[PDB]
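Step one of this worksheet: look at the structure below.
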Amino acid sequence: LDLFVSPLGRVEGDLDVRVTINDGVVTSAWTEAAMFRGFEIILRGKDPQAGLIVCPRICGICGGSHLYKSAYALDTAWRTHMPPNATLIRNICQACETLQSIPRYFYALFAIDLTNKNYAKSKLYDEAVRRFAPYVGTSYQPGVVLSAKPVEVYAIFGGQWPXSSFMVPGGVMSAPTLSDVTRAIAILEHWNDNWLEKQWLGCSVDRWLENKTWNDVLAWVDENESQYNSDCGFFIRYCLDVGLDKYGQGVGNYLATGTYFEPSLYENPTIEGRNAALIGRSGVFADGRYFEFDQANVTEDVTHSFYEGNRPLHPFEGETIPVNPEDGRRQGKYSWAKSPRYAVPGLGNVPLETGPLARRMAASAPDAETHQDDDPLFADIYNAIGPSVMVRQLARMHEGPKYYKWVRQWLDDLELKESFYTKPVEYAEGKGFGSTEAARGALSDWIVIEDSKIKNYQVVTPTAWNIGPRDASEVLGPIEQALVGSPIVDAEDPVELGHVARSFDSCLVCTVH
Amino acid sequence: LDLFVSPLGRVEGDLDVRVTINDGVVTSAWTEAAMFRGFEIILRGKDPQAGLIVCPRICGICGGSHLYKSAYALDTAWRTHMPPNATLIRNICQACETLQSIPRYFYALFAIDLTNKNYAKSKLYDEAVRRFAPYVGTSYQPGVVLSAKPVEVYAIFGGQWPXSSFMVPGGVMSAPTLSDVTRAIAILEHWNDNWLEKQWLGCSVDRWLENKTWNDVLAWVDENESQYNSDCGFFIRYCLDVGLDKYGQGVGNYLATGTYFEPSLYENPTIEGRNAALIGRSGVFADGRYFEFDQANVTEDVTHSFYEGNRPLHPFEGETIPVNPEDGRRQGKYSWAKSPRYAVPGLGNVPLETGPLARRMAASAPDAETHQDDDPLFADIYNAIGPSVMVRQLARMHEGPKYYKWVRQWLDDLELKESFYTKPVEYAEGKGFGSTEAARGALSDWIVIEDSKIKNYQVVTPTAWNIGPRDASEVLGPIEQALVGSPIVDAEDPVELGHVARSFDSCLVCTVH
Amino acid sequence: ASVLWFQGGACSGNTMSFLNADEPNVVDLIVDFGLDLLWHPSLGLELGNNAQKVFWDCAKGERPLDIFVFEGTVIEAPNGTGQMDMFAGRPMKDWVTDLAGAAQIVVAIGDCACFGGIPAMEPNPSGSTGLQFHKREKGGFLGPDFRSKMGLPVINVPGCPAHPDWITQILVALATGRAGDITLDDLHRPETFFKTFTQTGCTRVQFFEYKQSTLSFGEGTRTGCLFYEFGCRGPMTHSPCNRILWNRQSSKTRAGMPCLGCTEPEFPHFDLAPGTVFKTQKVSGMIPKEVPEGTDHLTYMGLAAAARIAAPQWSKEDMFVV
Amino acid sequence: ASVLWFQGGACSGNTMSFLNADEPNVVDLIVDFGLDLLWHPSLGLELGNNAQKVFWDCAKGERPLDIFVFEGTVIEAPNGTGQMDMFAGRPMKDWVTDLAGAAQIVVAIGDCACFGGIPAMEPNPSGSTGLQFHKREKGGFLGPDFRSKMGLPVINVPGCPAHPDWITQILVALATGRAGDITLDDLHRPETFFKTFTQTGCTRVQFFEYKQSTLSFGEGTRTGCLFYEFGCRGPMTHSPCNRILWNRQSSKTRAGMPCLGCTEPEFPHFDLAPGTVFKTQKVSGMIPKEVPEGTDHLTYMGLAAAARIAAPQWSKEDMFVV
Ligand SMILES: CC1=CC(=O)c2ccccc2C1=O
Ligand SMILES: CC1=CC(=O)c2ccccc2C1=O
Ligand code: FCO
Ligand code: FCO
Ligand code: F3S
Ligand code: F3S
Ligand code: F3S
Ligand code: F3S
Ligand code: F3S
Ligand code: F3S
Ligand SMILES: [Mg+2]
Ligand SMILES: [Mg+2]
Ligand SMILES: [O]
Ligand SMILES: [O]
């Protein structure tokens, strides 16, 4: 059965999913990013810092992540100096945006599908409806309402959220005061207590982070009533009851560009020194092996994308040349999403799933430095039960407690008497690579500055990695493969497709920019 | 047994209570207001509008009420014109301050005593501890936290709360915009939904206001789980279980000066036209009869107060001449609270209990006009079970739903294109009487302006009415009589004295000013 | 009132900003204010044909559509077909045509919908335009004469993104019977928010008054005004951003970021041409090319010169200290 | 850290303002920030001897007292005995002496505690004074040389009342290890809040810049600055009141009320003498007797004259419109 789902909403933009269903299971899937704005085209010839304004407008939910990497692209391009405080503020605000995204997406974009009638027979369905029903869910309302708190911290340092450009080459525009930091801590603590611990976990962030294995997570759910009936515990039990752990596995190969630089190790941002300075480690997990991320291995294919091109392009020389969808579809093109691929040795240019799960696998890589995230939890989950909608979601929600602690510590680390900005030299020439881990995964900017102008500006967003269409080798993108194998109980309401696409927290505005 | 409780806290100021306990029951009580600031003395010779600044500083919790009546004292003194919008804003802000006071006082000042060990044997004690425990009570935290919302509305129109003086002769200083009113409605609706309906009532404000009899209140508690387990329903059940309905009866005679003028009926404030224009009706309920309030019948006695004077003074000619407490106690004086008394025909100058209960009885008076509060609920409660700590409290919490609806309607009534202020003539001469119903009851200002100066400024606060000491006839003040008959299970922790004094929401800073 | 929220050439920033709403929050606004949010791309439960059924009913008049909120640009490329924005089986522009004409009120939220915004910057690959404006030029996609069924033009709630209050308070006013209190300026913006300037309430106006310039970012923003060296457009930008603080915390200018004039139709001003980002265009290095709204260079510079001489010492020192 | 909050010649406004705290709220501050609120007159569970036991332990050093918060004046009348303020069996001043000397930090919250405030206005019947100040004169009740056990003077959190953030953020800083980031001005006020002026962030500074005066209250406050006709002290008052909005909504000046200068030690300024309430004292009806801080009459008036001539049209019209 050929099924075309249009629109598949709650993916931050326009998504149309075409699947071939055989015996109730998706055998093939096509992800169609249907909206294009061409910010990369617009950025050409613009001020070198125009990305700080434009790139956040790629996306409302993850625009601060765009700002973070857009600034670091300039920091590397202009060989700037990053005062430790500025790095902390960037880290805090990047994490805070993600901390806002995690509940906002989970309740508003993802969890409401748990009330789908396909689960009506579940003993937990009524509770899921009470909790996650749109706009009235007892967990929906506070989770969504409180999701604004972390970005209040962002606004404290950035002036506002969304739509700040306060991360500039050389640091940040802002000069946080004592009340800014204390208020930010108070907001973060209140949000962590009120939502993350009381609602999501039913326990302390520390208790959740003691989970180093899948069995620990299962035991954590059954340890006591609070964790059992927490949104996390209920979600895990609901997933295991309704089968969200059975599909959405996807490629099983992951890309994490990492973010959250250790301030002392990225005072002079460079492309080469990026990986070592990361706290949230970069890492490519493919074929069961850990690889060090190298932006040089990133290529974007547009064979099935509505762009001109015949071979994969590294984003430094990347092009965004639209083709009319009418003509593109005659050539087999079906998405405005490029097809980012990573050159993994022995595997060639392969799709890599980006997102929290990718980060969690990267954090499980060996040889972690002291400042680096070293978490074996999702290596064990990956080996124990493998990827799925549930595991992918749990990776996302696992970062809440993890990032909260990082932000809480970074706020303490701020030395308010010290510099937040080093006046950079606005070099007329420079190639910059800024990358971060937006809430949805690896977000990367490749910028080429020439004649004090943006010569080239290529943005590869995490959902482009995940939702990008088939490459020249017809290899499905991570979401497309994750969709493959997804059961379809009701073709009229193919919620399982939404689960898989939303389990990636897919952002279509990011996908295409 | 002669017991001296010092300090009896959570009465907004310094209170020392002396009681004579016989067989576990208070037979005599003395209320000692122990802190004096002399604002009436300070106001002498000051700018005629100095009360708008000084009088709010009489009290933090009820300062806006002071501002409300202080402004109306000037409006009457200067025969000003009050645009309907200004009256609405004054009404809204007066009610909003009271709406803030009701939960803040109930949870922070009163309900925590419900966790007293004297109730350890109650089947509801554990639940009371979980709900009303200080700073951790599941009802304490949201009730106190949300109590700030109504005064956000106050701040929208007054700039801040506490400590605005934006109510001026001729109207209000502020010029509310559309966003001010819409935000005020949104804040009020959120507060009503989140605390008043979900937490306090477990039902709509409309449902609670359908209660016209004590039996209706009892049936309302048992009607369903939400109302049964609401703070209101639990409080009623807790009071009936632990005996808070058995004592704290007090005088049984009540003074309500009323507030919340109908805008069309008080455009030109006068002393004579005040009562008719009131929405929250004035009224003196004494000896089971309803009397119309007349400020001319108000006298303040200082026989047992630390002030000079030999006869009761009407506040227009009132004096605030301190005597040293050391010398005053040799003369039988024991409080900085004056002894306000009301001349009720046939009864002479009698103490009158002020507060929500007084208002509720006034609202039950006959011949209510269409704009006037007509509520027979507490006439029935008064006849059915009489006054008590519980009934007094219920009157306070009954006004939450009632005042919320009034404020919600007043916000709608605002005509944002119309005037909020009529430039008054700052007459060098004038006698003004401004009165309102602060959260704690009848709050009244008698101001005499001469030579463009404050010649006399007398403030009679609701807790002065309630907590004022014995008058020249040795007649106990309403709280003193309410304390009489109160059981004392534990002399070391005489919580029952706190219940009675706090059931009046006693404010000692107001008492003395 | 039924609300249909569509995203064209959008980044969803106005939705996310909208979701940050407080007093009322989005959930209370959707549920507790009688505003039936029929669908929203970021929040709507329906997908596929189920979502299309809602859209078509509104488009064809089967069910009432009281408020049509459009976020993002109306994408007309390629060649006016709008296929660079395909939504629910149609070009988004086609949905806009039907839903805007079927809606009692049409609200353009964000510069993209109001005026074209960032996607409308040259070369405008998506053929982006606002609903009723293309930058400052009235007419946009729907035409200058478009009026909703209640006779109102597209209510432009500008911003990149719009502040939640700029939309929610309008929605509350509509829900609370205060639609008549809503007055719109020449750009169809609610004057209750856009009669003020971004500079209105800015913490640096005193520095602006005394022409004390923020010289550097970071700790340099502890003093001074961003007008002179960072191209702050606050004095030329109509907004409550420093009256109604962003996220209830701050604003760009308070935090040390120049106002980009994102409530004004020309945003991004100068299309972020080289030298115009976080810089004040000046003539001879001293005279700003753009002076505050309602001012002329001669009087502004003369007043500025007098202000510098009269500048108090504190205006030259850090004020936003730790 | 143990917190003991006492009220002397207080109205509890700082407590009520404190209770309005958000980010953090009071409950989270008391519970979730390690700040053990031993007692508070408005919130303390203990009464009678049980409360006295807590006070004496702090006073006598039986239990640690980290932060002693004093609200209200130190009442010394009659004749320096303090019996106009009897608390827990002693004059409140005696408690202040013991607890301030036993406390690691002493915080005066509100003008009353900081400087004497309203109760200290003449004739000062209560003999009120601040902890370490009497109006602007240093020394108050504890003396100029008083230092807490951590070597700090009385931390003056002024205001009538103090904004919750002015105290809670300080308490958070102490609780989060940022006591060293707290810098105090000459009045012992936290510079993080009191280096700005009330005018800093006021929505009327543009009118002030162009010397456009609010002429009347109510709808007259839709335009203009309150300095010239309503005696606004914002330019002479150090406060974040328009940076950190009151109740997260507004401030006096934004709402149309002149700043009374209540963060300054002289508050109430001129002791609310006739003609000084909501009026600007002027010489010859044109020159304000008090000019903004750091300015002189000659340059201010000269700049003011130039500003009027250069005043743009919008500065003379309503801006805070419906
Ligand atoms: C001409 C001029 C000079 C400044 O130094 C300055 C500083 C801050 C804001 C504006 C200005 C300005 O307009
Ligand atoms: C001299 C003078 C004249 C004004 O009109 C004015 C208006 C608003 C604020 C201040 C002023 C001022 O100082
Ligand atoms: N998170 C996020 Fe957005 C996507 N995809 C970016 O970058
Ligand atoms: N409410 C209140 Fe305060 C008292 N008593 C006043 O007036
Ligand atoms: S927030 Fe986004 S939708 Fe448009 S107006 Fe700004 S780019
Ligand atoms: S006063 Fe503020 S709004 Fe911009 S021009 Fe100066 S930073
Ligand atoms: S850029 Fe826009 S959000 Fe406000 S501060 Fe300037 S009008
Ligand atoms: S709020 Fe009250 S306690 Fe003193 S400082 Fe002001 S009179
Ligand atoms: S700018 Fe504002 S602070 Fe007062 S002096 Fe004018 S109203
Ligand atoms: S009176 Fe005080 S509260 Fe602020 S606005 Fe002025 S400093
Ligand atoms: Mg790209
Ligand atoms: Mg009195
Ligand atoms: O995203
Ligand atoms: O009070």
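Atoms considered below: every heavy atom in the structure, side chains included; atoms not considered: hydrogens, waters and symmetry mates. Just so it is clear: chains get the letters A, B, ... in the order the sequence lines come, proteins before strands, and each one is counted from 1. Order of appearance sets the numbers: ligands from 1, and atoms from 1 within every ligand.
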So how far is it from [X] [atom1] to [Y] [atom2], rounded to the nearest 0.5 Å?
{"X": "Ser70(B)", "Y": "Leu52(B)", "atom1": "OG", "atom2": "CG", "answer": "6.0 Å"}
{"X": "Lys195(D)", "Y": "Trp314(C)", "atom1": "NZ", "atom2": "CH2", "answer": "12.0 Å"}
{"X": "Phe217(C)", "Y": "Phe230(C)", "atom1": "CZ", "atom2": "CZ", "answer": "4.5 Å"}

- Message: Between the side chains of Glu23(D) and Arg248(D), is the shortest nitrogen-to-carboxylate-oxygen separation below 4.0 Å, so that they form an ion pair?
- Response: yes

- Message: Among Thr299(C), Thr295(C), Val291(C), which residue satisfies the side chain to side chain contact (heavy atoms under 4.5 Å, CB included) criterion with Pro312(D)?
- Response: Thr295(C)

- Relative to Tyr228(C), does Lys282(C) satisfy both conditions: NZ or CZ under 6.0 angstrom from the six-membered ring centre, and within 45 degrees of the ring's axis? yes

- List the steps and the verdict of side-chain hydrogen bond (donor to acceptor under 3.5 Å, both in side chains) for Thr223(C) and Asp318(C). CA-CA 5 Å; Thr223(C) 189; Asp318(C) 280 357; 4.7 Å; no

- One finds that the ligand 10 atoms under 4.0 Å from a non-hydrogen atom of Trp246(D) are 3 (S)

- Message: Tell me whether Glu264(D) contacts the main-chain N or O of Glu266(D) through its side chain, where contact means a donor paired with an acceptor under 3.5 Å.
- Response: no

- Task: Could you tell me whether ligand 10 has any atom less than 4.0 Å away from a heavy atom of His163(D)?
- Result: no

- What protein N/O/S atoms sit under 2.8 Å from atom 6 (Fe) of ligand 10, by chain and number? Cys259(D) SG

Ligand 1: protein N/O within less than 3.5 Å of ligand N/O:
from: ligand 1; atom 1: 5 (O); to: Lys211(C); atom 2: O; distance (Å): 2.8
from: ligand 1; atom 1: 5 (O); to: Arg308(C); atom 2: NH1; distance (Å): 3.2
from: ligand 1; atom 1: 13 (O); to: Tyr300(C); atom 2: OH; distance (Å): 2.3

- Task: Heavy atoms only: give me the nearest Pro169(B)-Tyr421(B) pair and the separation to one decimal.
- Result: O-CE1, 3.2 Å

- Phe193(D), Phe197(D), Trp166(D), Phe194(D) screened by ring-ring contact (aromatic ring centres under 6.0 Å, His included) with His238(D), the one that passes: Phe197(D)

